[PDB]
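Remarks on the structure that follows.
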RNA sequence: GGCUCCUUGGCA
RNA sequence: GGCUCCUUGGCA
RNA sequence: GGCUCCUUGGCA
RNA sequence: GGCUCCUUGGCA
RNA sequence: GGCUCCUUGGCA
RNA sequence: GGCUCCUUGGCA
RNA sequence: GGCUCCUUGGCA
RNA sequence: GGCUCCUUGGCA
RNA sequence: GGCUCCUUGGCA
RNA sequence: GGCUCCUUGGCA
RNA sequence: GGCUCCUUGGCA
RNA sequence: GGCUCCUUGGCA
RNA sequence: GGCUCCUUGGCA
RNA sequence: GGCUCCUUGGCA
RNA sequence: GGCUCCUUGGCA
RNA sequence: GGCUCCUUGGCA
RNA sequence: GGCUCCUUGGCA
RNA sequence: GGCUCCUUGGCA
RNA sequence: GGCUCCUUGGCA
RNA sequence: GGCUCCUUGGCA
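Residue numbers (the entry's author numbering), protein chains in the order written: chain C, 1 to 138; chain D, 3 to 138; chain A, 1 to 138; chain B, 3 to 138; chain G, 1 to 138; chain H, 3 to 138; chain E, 1 to 138; chain F, 3 to 138.
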């Protein structure tokens, strides 16, 4: 239902700081949850599942997105762009979201919010290409 | 352009006193998070953090002297680090705009804590500066 | 025999419309006969005799029923109640029906049919009182 | 509650066009015969009859125009009077429920005459209304 | 017959206000009857009998319901819940309703209406337990 | 959130002027009956009732002055108490949203009585407020 | 949008030096652009179009302004006044500016800046008369 | 009034050495651009330019001698022409205010180029003048 | 050198 | 060593 | 970037 | 979204 | 909802 | 038509 | 007879 | 009527 | 109308 | 305009 | 001193 | 000080 | 002292 | 909570 | 509940 | 020969 | 055909 | 799509 | 954005 | 920018 957006925001913060600060994912999860004053169970558990599905499988995801960068190493992107793409790939593919378009909207929203419009368009294009590659992979 | 630099430096010093890691990496992190564009803000904030880190023990002594008997370790991270930054710029960088420094610092205190801590930091800073004037 | 009920129905319609519409009794008789598709001679002639015995003697009848209304003017009743009482008095008294109870049953039936149950009980009571007054001159 | 009112009004108009007496007395007669209980049915039917009687000649003209050349006097009493009522309510009372008016009227035609007259009255009424739409 | 529901509603209002406002039961009965525009005799008299059977016997009833609250004092419930339970016990037990299920339906309906769903479920459970205790008192 | 508070206060004042019991208990009763959830509505309505009860005689005087010669005791409970509440909030609480107060009050009058009383209360309230503007 | 003022300044320099130094318009354009450190494309192209529209049509313009000098030969004016009037006529008439008043403000500003107040008033009056003559063909 | 005349003359000589056109026309252009009002400034600057143009080759020789082996064609236009003007006024016009000439010239060098060229021109000019003193 | 001041050059 | 006003030019 | 005025759309 | 409002309903 | 009075269907 | 119910319709 | 909620539409 | 979010262009 | 900004000059 | 530090003038 | 016309700073 | 204004800090 | 827009978070 | 769209049932 | 309707009845 | 009411079922 | 009450889940 | 709401921030 | 009250600047 | 002053600079 509705908790999904908040869960995605939390997960994005956790991944962003995990990449940037190199701190433990669980500890950063505690930090983000405490500072955001998260209470409701669904959002908490969904965010935890998102973060866990992002951390486990991280390299597979990195490879997946690095395939669509046209030979460009993933460190050549922005922190926001990169991590948001990671979360997006995790949710869309690894958890097989039944609401792909919704995930697109929310993710792109997060990218616009934390970075800017152009980053949003970039992430949108890349992730769209990735999902187009995924859906017809079967 | 100095205000944002002061906010930066404050956050960096805060994370240093909290986590305990290397100030440079923390600086990189804070800079990355707030998206610092302007060059002067970067340079300035960096100079602030460096100045604070080099003189840190002397700064702590100067602050503790005006704490009215308190141990500096017992202050809140916000008050303590804001006082650190304030003393750093006012004394060791010899800021030619002390009033503005007081402004920015106290405002920072009121942002990340209650105004109750704001007037306190203002008072301690005032005492420290008044002592610094008659020092030399 | 059997034609009596139909004759009574026809006569009742004729009287009801005579009182209500103020139209000529003979013309209304033609109307009712034509619209009911009456054919059989006995019913036709019996209905005609009923209507004629109702029209001639009408005021005498009105007085008779008005005696049993306990001072109440006859216009204070319903059209159905009034006219049915008129027909009933005509048949019972003026033609001296040899089948009084039968006339009662049929008349009360007509009253229930064209108005309602309570009107039927009312007409029944009134007409019964009238006939009780009529039979004992002895 | 409108249906019974329409049946009432139809019977009244019919007896008016037939006998030729005063519409009010006829209305009283019809009301007495069918035993009208509800107030709204009475009021409504009365308004219908009044509206029809006031505008009667104009109504006859409007109807006759769509008769395809026929004289309105040559129509059956049922068809003619039902058309009268229909035109009265649809046009002069500006009914906001035209479809329902068509329904009730045509049904009335099918009750007191064959459906053969029903489709006819439906057609004439449809033509009249379609003309009324583009009138103003 | 049908007047029972209305009677129960009236009685419930009277009890609710009797408990809340502390005003005289008869006066409040007059108030509720006047404001609801109650006319029909059966509803009036039935409501009066319900209220009277509720007021007289009130403490006995209170004890009865307080037995099933598992040691919980009756003032710990809501006004609606409490008073509706009082009326329910009065009707089911003291007047020995021959239509227990009907009383259940109507009472629970009143509880849902004046409070909420959960209050309805609560009252339902409690009253059901009470009636289960009553029927096998034989 | 103010509207429900005004309805509350109105009902409370009404029951006070009617029964004559203690306003606090009546307030508890009304609050219990309407199931007030929100805190601000409770607090507000309570402040309204208190303000009205404290200043009640002065309020009655102010209202009676604009009644055009009538005795305030001769007004309907609805009109009288609604005027009481209106004057209380508009004058003694110095409401910064007078138009909205007029709205809510007049609406309350139209709910528990005819609109005929509504325009009247609106007029009296308008006169009172216009007088209050030029008072100080 | 905003580039217009800068374009007008550049054009004015080019015309002033074209009249004074007699050097090639394109070369002087290169000089002014290089020395002003002009980069943004809109300003560059707009200035180029202004200069080109001034050079081509130059004699027509000269005649136009010479009509409003009341028989006075155009060489009797100042360099600033003359050339600014040329640019003004070019922009207002030949390019048909949709922002005439704006052009007036900027041109008069340039005249005040490079010469003095009185020159500004003079140019203002003359150019205003010219535009008044231009706008009314009917 | 001499300073502006020197700036004028410098610009004129510069444009001469750059473009290669006739010094008189260039003088007219520069005078027109800077809006020279005062008569003495005009006359003076004109005398400076004329004196420089007449003696130009001798001036170039004198300058080149003190260049420490450099070709005069390899100097920046600013340094070269400022030196030209300086030598012209100091030597051929026999200025009675040499210090002031040094001032104005060096300042002109610092305006249209970096001070790095300023000290250089000052040095060369000093050498040239010191040589001129012992010449006769 | 004890007063009131003014113009002005270089310079952190 | 720190500013004021303003001009031109580059971008949010 | 911030404020504000229209204007072409999709709106709440 | 959201007030006044001339009009027709829907649910209870 | 609540209130006033009358039908229909079906079950005893 | 003695009398209970279920589901609906219309109604001041 | 009197309420709660809500939809469409006519006008500012 | 008042309030407002975006979007296509042009302004203070 | 404003503000910041990457550059270069005139005035105090 | 302030201002740090060396100057040059010159007025009552 | 006197005379002709233009700046700068600061105060209303 | 009589006009047109702009930037901006603290504050109920 | 009363708002606008928006972000996050808790619930109907 | 309000509107609305499907969907699994019991329905009127 | 509730219209059209191809079909079979029931009651009167 | 023609009406009132009502049940089941075929189709939108 | 149109209207509608609840209920199991998923949406704007 | 909306509204209210228990919390905390950015913009005007 | 409004706004109460003390300010600082600065433009024609 | 309406208009008064104070102190200076340059100038036929």
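Where is the CB? At the ideal position from N, CA and C, for every residue including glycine.
Looking only at its own chain, which residues have a Cβ that is under 6 Å from the Cβ of residue i, when we skip the five neighbours before and after it?
i	result
residue 81 of chain H	119, 123
residue 114 of chain D	80
residue 104 of chain A	none
For a contact defined as C-beta to C-beta under 8 Å, what are the partners of residue i on chain D?
i	result
residue 21 of chain C	31
Near residue i, which residues of its chain fall below 7 Å by C-beta distance, leaving aside the five closest residues on each side in sequence?
i	result
residue 111 of chain D	80, 81, 84, 119, 120, 123
residue 42 of chain C	3
residue 15 of chain D	51, 54, 83, 86, 87
Closer than 8 Å by beta-carbon distance: list the chain G residues that pair up with residue i, in chain order.
i	result
residue 34 of chain H	20, 79
Cutting at 8 Å between CB atoms, please list the residues of its own chain near residue i, excluding the five before and the five after it.
i	result
residue 57 of chain F	90, 94
residue 65 of chain F	74, 82, 85, 86, 89, 126, 130
May I have a chain-ordered list of the alpha helix (DSSP H) segments no shorter than 4 residues that lie completely inside the stretch 68-101 of chain E?
79-89
Taking three-plus beta-carbon pairs below 8 Å as touching, is the stretch 123-133 of chain D in contact with the stretch 4-13 of chain B?
no
What runs of the alpha helix (DSSP H), each 4 residues or longer, lie entirely inside the stretch 99-133 of chain F?
100-114
The stretch 38-58 of chain C / the stretch 86-93 of chain C touching (three or more Cβ pairs under 8 Å)
yes
Report yes or no: do three or more beta-carbon pairs, one from the stretch 57-77 of chain A and one from the stretch 24-34 of chain A, lie closer than 8 Å?
no
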